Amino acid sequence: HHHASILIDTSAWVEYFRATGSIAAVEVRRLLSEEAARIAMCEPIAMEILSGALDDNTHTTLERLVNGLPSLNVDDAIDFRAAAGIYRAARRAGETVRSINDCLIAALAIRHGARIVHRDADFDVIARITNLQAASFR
């Protein structure tokens, strides 16, 4: 009887990090304040987050965050093929997908029963052609 995890995408995360004050940042703040227990991380997102951490102290801080959150695993018996499938479907629909790692993220989310909070059109595309639960804050 446990509720659906909420996977916050890198796109929304970055806003929060930068204190842009955009709806995405505000939404992330809300999530952190009111629904912290439901927030999940995955390793592709983690990789993205750490890769854009230039300052070493900041990087350290972000590592704490990424190791502190519950993780939705990548299972390479399943998720890469599923992402490929997603990508091809998108292509056949005449849609554009800027990052194949967004297809991976969506694949893992679908597998885990998690919903995604984001501000990247890729997830909009993917929710059109899969049963991904995605909420855009752009």
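Heads up: residue numbers just count along the shown sequence, starting at 1.
Student: Please work out which of 116 to 124 and 21 to 29 has the higher mean CA B-factor as recorded in the PDB entry.
Tutor: According to the PDB entry, the answer is 21 to 29.
Student: Tell me which of 103 to 111 and 64 to 72 has the higher mean C-alpha B-factor in the deposited entry.
Tutor: Result: 64 to 72.
Student: Based on the PDB record, which member of 46, 83, 37, 89 exhibits the highest Cα temperature factor?
Tutor: Highest C-alpha B-factor among the listed residues goes to 37.
Student: Using the B-factor values recorded in the entry, state whether the Cα atom of residue 54 falls in the lowest, middle or highest third among the modelled residues of its chain.
Tutor: CA B-factor rank for residue 54: highest third.
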